[PDB]
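> following this: a sequence and the matching experimental structure.
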Amino acid sequence: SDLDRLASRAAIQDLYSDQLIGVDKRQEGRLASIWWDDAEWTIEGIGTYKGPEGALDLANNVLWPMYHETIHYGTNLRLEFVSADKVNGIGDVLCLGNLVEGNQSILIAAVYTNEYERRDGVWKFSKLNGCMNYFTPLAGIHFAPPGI
Amino acid sequence: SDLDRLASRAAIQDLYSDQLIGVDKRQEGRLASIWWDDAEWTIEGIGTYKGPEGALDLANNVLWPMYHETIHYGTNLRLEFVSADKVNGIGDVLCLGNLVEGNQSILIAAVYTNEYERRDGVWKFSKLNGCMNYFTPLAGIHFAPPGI
Amino acid sequence: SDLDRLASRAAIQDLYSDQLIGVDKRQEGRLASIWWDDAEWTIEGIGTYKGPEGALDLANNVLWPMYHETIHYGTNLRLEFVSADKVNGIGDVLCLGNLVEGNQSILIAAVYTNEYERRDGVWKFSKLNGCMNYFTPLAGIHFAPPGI
């Protein structure tokens, strides 16, 4: 469980990246496969959804229909092993995006508070808790592609 | 190839960081040593350059002469092993900088699509593909050092 | 020292994250436990402080009383092993925050230049050197929580 330790770390960094990538590239597959069935994704000011079912439900009915596109930058994944099978973790995340509402470009700073769990040697999200530290629409800036 | 796996991961995260660092700190050495000779660096809206030769050619003739300075923030490196010797990968990258043109401060959000390859136990870039999601000059902000 | 290598890497990424987290979540514990006693934290334009004593002294007497809150995004941690016991490293870091002064929202781009050292199999900061590349107060933006 010292090699095994490094292995878990890897496993989870991919899970964390995959949470983010699956929201930005809107990939249902990637996104649904990271949650244990009793997992809870909570986003402050939205609500709690449970399981991959609920994860996909939030993606399709709230997140994706709210923003033309988003990009989440995830850093500082700081893990703490409670047992070789349960991990808690923080990440700071920066997100840029265009709201459908008013066609607005906005900046979210968030802190994600996580819980990971192993079952049959396989690692998945137990709980993800999103907390928005900053929500700031940018006055005289609109994020656009290079061809406008 | 389970320890060997973690090793490759490390190897590549350094390659990815080195791509970025070598553009921001303008270090020819660091930058030239990460490309296999038949590698292609493609940056949408600029062109494709092949090999370390071409990598250094773009650095000196387009990138560096265009910006007074840049800083690239690289996150979410998500690897997929196709064989113990070929890897595909995404990273989201945030870049801040001053264009020589109009002395403008600008923000690029990019997505990099990568291909890594091992030869004689050593890892290098096979293909890097840059795609700019956001190109936004900032209206009333100029990034400056603290001493202005 | 090939498994041992990957282990050190992990050890330090946590140290690096912990530097940042302990400044943003203002956690004295987390912050004090990462410095060898003869370590130097230098922040250009502020000064040098040495040891955990000095680290906590800067936190409580300069950093924390200057900003209502900060969030540091740390990426590109690029390590170089000088011996299996001394490492040098760069990281690029992005920081957002509200200054108490004028209740201003500002953006710091920094480059951190680090030195790590092992003693009795345990890894700690030897030297951290902060250099601010950008210090830019944002004209018509104030970072706020979502409830304002």
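That came through fine. Residues are numbered from 1 along each chain as shown, chains lettered A, B, ... in the order given.
> tell me the angle of the longest helix along chain A relative to helix B:3-24?
For chain A, the helix with the greatest residue count under DSSP state H is helix A:3-24. Taking axes from the mean of the first three to the mean of the last three C-alpha atoms, to 10 degrees, helix A:3-24 and helix B:3-24 form an angle of 50 degrees between their directions.
> which other residues reach the helix or strand just after helix A:3-24?
Using DSSP states H and E, the helix or strand that follows helix A:3-24 towards the C-terminus is helix A:28-32. Here helix A:28-32 makes contact (C-beta atoms under 8 Å, 6 or more residues apart in numbering or on different chains) with A:18-19, A:21-23, A:52, A:55-56, A:59. C-betas here are computed from N, CA, C, even on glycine.
> between the residues you listed, which sits nearest chain C?
Checking the contacts of helix A:28-32 against chain C with C-beta to the nearest C-beta, the nearest one is residue A:21 at 16.0 Å.
> what sits against that closest one?
Taking C-beta under 8 Å, 6+ apart, we find residue A:21 in contact with A:27, A:30, B:76, B:78, B:90, B:92.
> how about 6 Å then?
residue B:78 (C-beta atoms under 6 Å, 6 or more residues apart in numbering or on different chains).
> same deal with residue A:104?
By C-beta under 6 Å, 6+ apart, the contact set of residue A:104 is residue A:137.
> phi first, then psi, for the residue nearest to residue A:33 when sequence neighbours are not counted.
Nearest-residue entry for residue A:33: residue A:52, 7.3 Å, with adjacent residues in sequence omitted and distances by C-beta to C-beta, 6 or more residues apart in numbering or on different chains. When read as degrees, to the nearest 10, the backbone of residue A:52 gives phi -70, psi -40.
> quick one: neighbours of residue A:52, just the number.
Residue A:52: 20 surrounding residues under other C-beta atoms under 10 Å in any protein chain shown.
> is it true that it touches residue A:35?
Yes. Judged on C-beta atoms under 6 Å, residue A:52 makes contact with residue A:35 at a distance of 4.5 Å.
> spell out which residues of chain A are next to chain C.
Neighbours of chain C within chain A, by C-beta under 6 Å from any C-beta of the partner chain: A:6, A:45, A:75-76, A:78, A:92, A:94, A:109, A:132, A:134-136, A:139.
> do that again at 10 Å, thanks
A:2-3, A:5-6, A:9-10, A:13, A:44-45, A:73-80, A:90-94, A:107-111, A:131-141 (C-beta under 10 Å from any C-beta of the partner chain).
> would you mind checking those for buried ones?
Among these, those classed as buried by 16 or more other C-beta atoms under 10 Å in any protein chain shown are A:6, A:9-10, A:13, A:44, A:73-79, A:90-94, A:107-111, A:132-136, A:138, A:141.
> filter those down to the ones in helices?
In this view, these that belong to helices under DSSP H are A:6, A:9-10, A:13.
> so what's the nearest residue to residue A:133 once chain neighbours are set aside up against?
Spatial nearest neighbour of residue A:133, excluding adjacent residues (C-beta to C-beta, 6+ apart): residue A:109 at 4.6 Å. By C-beta atoms under 10 Å, 6 or more residues apart in numbering or on different chains, the residues touching residue A:109 are A:92-95, A:131-136, C:69, C:71, C:73, C:96-97, C:143, C:145.
> beta partners of residue A:83?
Note on residue A:83: beta-bridge partners residue A:86, judged by DSSP bridges.
> what about it, neighbour count?
Counted by other C-beta under 10 Å, the residues lying close to residue A:83 total 8.
> what's the answer for residue A:43, then?
By other C-beta under 10 Å, 18 other residues sit near residue A:43.
> so what's the residue lying closest to it once chain neighbours are set aside bridging to?
Closest residue in space to residue A:43, ignoring its immediate chain neighbours: residue A:130 at 4.0 Å, by C-beta to C-beta, 6+ apart. Here residue A:130 sits in beta bridges with residue A:43, residue A:112, as judged by DSSP bridges.
> these two touch, right, residue A:130 and residue A:44?
Yes. Between residue A:130 and residue A:44 there is a contact under C-beta atoms under 10 Å: 6.0 Å.
> show me whatever sits in contact with both of those two.
Common neighbours of residue A:130 and residue A:44, using C-beta under 10 Å, 6+ apart, are A:110-111.
> how much space between the one residue in chain A that gets nearest to chain C and residue A:45?
Per C-beta to the nearest C-beta, residue A:135 is where chain A lies closest to chain C, at 3.9 Å. Computed as C-beta to C-beta, to the nearest Å, the residue A:135 to residue A:45 distance reads 9 Å.
> same check, this time on residue A:77
Using C-beta to C-beta, residue A:77 is found at 23 Å from residue A:45.
> of the ones in helices among the buried ones among the residues of chain A next to chain C, which is the nearest to residue A:40?
Nearest to residue A:40 among those, counting by C-beta to C-beta, is residue A:13 at 20.9 Å.
> can you pull the contacts of the closest one?
For residue A:13, the contacting residues are A:74, A:77, A:79, A:89, A:91, B:9, B:13, B:76-79, C:13, by C-beta under 10 Å, 6+ apart.
> for those residues, which one is nearest residue B:121?
For the contacts of residue A:13, the nearest to residue B:121 is residue B:9 (14.9 Å; C-beta to C-beta).
> am I right that that closest one is in contact with residue C:6?
Yes. Shown here, residue B:9 and residue C:6 form a contact pair, counting by C-beta under 10 Å, at 8.8 Å.
> hey, what's in contact with both of these two?
Counting by C-beta under 10 Å, 6+ apart, the contacts common to residue B:9 and residue C:6 are A:6, A:10.
> ok, the residue in chain A that chain B sits nearest to - contacts?
Using C-beta to the nearest C-beta, residue A:146 is the residue of chain A that sits closest to chain B, at 3.9 Å. By C-beta under 10 Å, 6+ apart, the contact list for residue A:146 reads B:44-45, B:108, B:131-136.
> three-state assignment of it?
Recorded secondary structure, residue A:146: coil (DSSP: H, G, I helix; E, B strand; the rest coil).
> could you find the closest non-adjacent residue to it?
Among residues not flanking residue A:146 along the chain, residue B:135 sits closest, at 3.9 Å (C-beta to C-beta, 6+ apart).
> pretty sure that neighbour is touching residue A:148, no?
Yes. The pair residue B:135 / residue A:148 is scored as a contact, 8.5 Å apart, by C-beta under 10 Å.
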